[PDB]
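Topology and contacts: notes
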Amino acid sequence: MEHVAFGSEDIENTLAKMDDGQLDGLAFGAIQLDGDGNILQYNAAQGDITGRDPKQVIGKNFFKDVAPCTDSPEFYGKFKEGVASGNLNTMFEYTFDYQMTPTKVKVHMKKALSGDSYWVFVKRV
Ligand SMILES: *C(=O)/C=C/c1ccc(O)cc1
């Protein structure tokens, strides 16, 4: 188990050292997106929450293909403003309900340290 707490102030520095195997040891769901919303990384805890198979969703677009319930001003709209501005750090509750039992989660979106990548972190509430 990797010990990093959800919501930690310097989480992007800590997660910069992990490969996909290490990300699978986190206590919470983690998705890495490019600035178009394509999925680059998707960990085991996220798949436990959503039912998706991690290897199968890498390369898909999160907003168009995987998670249409997030294509809303309340989720996608926040992401796209962050990508446009080059800064993003926001936490909110949301319900995931596409092809699954409706599940309430806490979401933390934060710009990654390097380049044009963005984290989505998720835990149950
Ligand atoms: C709504 O369509 C949410 C879907 C969803 C959220 C997060 C995931 O990792 C996968 C699907």
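Residues numbered from 1 in each chain as written, not as in the entry; some residues may be left out. Heavy atoms only, no water.

Per the deposited record, the coordinates in this entry were obtained by X-ray crystallography to a resolution of 1.6 Å.

Bringing the overall build of the protein chain into the picture now. Regarding its fold elements, the protein chain presents 6 helices and 5 strands. The order of helices and strands in the protein chain, counted from the N terminus, is α-α-β-β-α-α-α-α-β-β-β. Computed over its C-alpha atoms, the radius of gyration of the protein chain comes to 13 Å, within 12% of the 14 Å expected for a compact globule of 125 residues. Overall, the protein chain is about 35 × 30 × 25 Å in size when its C-alpha atoms are taken along their principal axes. Considering only contacts in the protein chain between residues 6 or more positions apart, those separated by 24 or more positions represent 40%. Carbon and sulfur atoms make up 45% of the accessible area of the protein chain, which totals about 6,600 Å². Taken together, the 13 basic and 18 acidic charged side chains of the protein chain have centroids lying 4 Å from each other. (Helix = DSSP H or I, 4+ residues; strand = E, 2+ residues; numbered from the N terminus. Rg over C-alpha atoms; globule rule 2.2 N^0.38 Å. Contact = heavy atoms within 4.5 Å. Areas by Shrake-Rupley, 256 points an atom, 1.4 Å probe, with all protein chains shown as cover. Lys, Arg positive; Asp, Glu negative; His and termini not counted. Charge placed at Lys NZ, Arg CZ, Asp CG, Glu CD.)

Another aspect to go through is unusual backbone geometry. Look at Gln 99: it is not a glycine, yet its phi comes out positive at around 55 degrees. Relative to the assigned elements, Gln 99 resides in the loop between β3 (89-96) and β4 (103-111). The class for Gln 99 is exposed, based on a relative accessible area of 67%. (Buried < 20%, exposed > 50% of the residue type's maximum accessible area, 1.4 Å probe, protein only.)

Residues in contact with the ligand, as listed here, are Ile 31, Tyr 42, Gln 46, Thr 50, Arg 52, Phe 62, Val 66, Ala 67, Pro 68, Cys 69, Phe 96 and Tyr 98. Here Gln 46 contributes a side-chain N or O atom positioned 2.9 Å from an oxygen atom of the ligand. Take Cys 69: an N or O atom from its main chain is 2.8 Å from an oxygen atom of the ligand. Protein chains shield 100% of the accessible area of the ligand, which is 320 Å² for the free molecule. (Near = heavy atom within 4 Å. Polar contact = N/O pair within 3.5 Å; in protein donor to acceptor, adjacent residues only side chain to side chain.)

Take the UniProt feature "domain: PAS" in the protein chain next. UniProt's feature table lists "domain: PAS" at residues 23-86, given in the numbering used throughout. The span residues 23-86 carries 42% helix and 16% strand; its end-to-end C-alpha distance comes to 24 Å. (UniProt positions renumbered as here; feature names shortened; annotations may be inferred.)

Counted under the stated rule, the structure contains 2 salt bridges. A salt bridge links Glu 93 to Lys 106; the shortest N-O distance between them is 3.4 Å. Here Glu 93, found in strand β3, pairs with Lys 106, found in strand β4; they are 13 residues apart in sequence, far enough to count as distant. When its relative accessible area of 47% is taken as the criterion, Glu 93 is described as partly exposed. (Salt bridge = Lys/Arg side-chain N within 4 Å of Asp/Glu carboxyl O.)

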